[PDB]
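Please read the structure below before turning to the comments.
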Amino acid sequence: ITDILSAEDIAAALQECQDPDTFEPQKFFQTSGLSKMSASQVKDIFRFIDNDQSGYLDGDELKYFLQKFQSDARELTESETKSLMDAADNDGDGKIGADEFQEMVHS
Ligand SMILES: [Ca+2]
Ligand SMILES: [Ca+2]
Ligand SMILES: [Ca+2]
């Protein structure tokens, strides 16, 4: 992830949602620089988060979202993982597909 995002933008993004329930998908994506990157770049990042390679984000992949940016970051709270899911899901399957992630990140 550090090959596409600046280390320092990532540190700032984590610093901003350091307390529980301060995580806000749009804020994170702006601070970190994600929302400014190309589809293909956003896709690479997706591939890094999708730990089991199912092609979708769901379950524990959401609880460990930040841990993909920095391995010692905190765990998202249940409310925060719910928020991510609400933010992204567009087809009622309770998981985040590559398409859904692209749209989310880009707004
Ligand atoms: Ca997965
Ligand atoms: Ca650290
Ligand atoms: Ca979905």
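Just so you know, we're using the authors' numbering here: the sequence shown kicks off at 2 and counts up by one.
We put the beta carbon where it would ideally sit given N, CA and C, even for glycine.
Check whether residue i and residue j have beta carbons under 8 Å apart
i          : j          : result
residue 99 : residue 47 : yes
residue 15 : residue 35 : no
residue 11 : residue 70 : yes
residue 8  : residue 32 : no
Residue i versus the options, residue with shortest Cα-Cα distance
i           : options         : result
residue 25  : 82, 91, 103     : 82
residue 62  : 73, 89, 96      : 96
residue 108 : 72, 85, 73      : 85
residue 77  : 23, 105, 38, 87 : 23
residue 105 : 2, 37, 21, 3    : 37
residue 89  : 3, 27, 72       : 27
Presumed contact (8 Å Cβ cut-off) between residue i and residue j, rounded CB distance
i          : j           : result
residue 91 : residue 101 : 6 Å
residue 30 : residue 18  : 11 Å between Cβ atoms; not a contact.
Exercise. Could you say if the stretch 57-71 and the stretch 34-42 meet the contact criterion of at least three C-beta pairs nearer than 8 Å?
Key: no
Quiz item: Quick one, what's near ligand 2 if you take every residue whose CB is closer than 5 Å to any heavy atom, in chain order?
Solution: 71, 73
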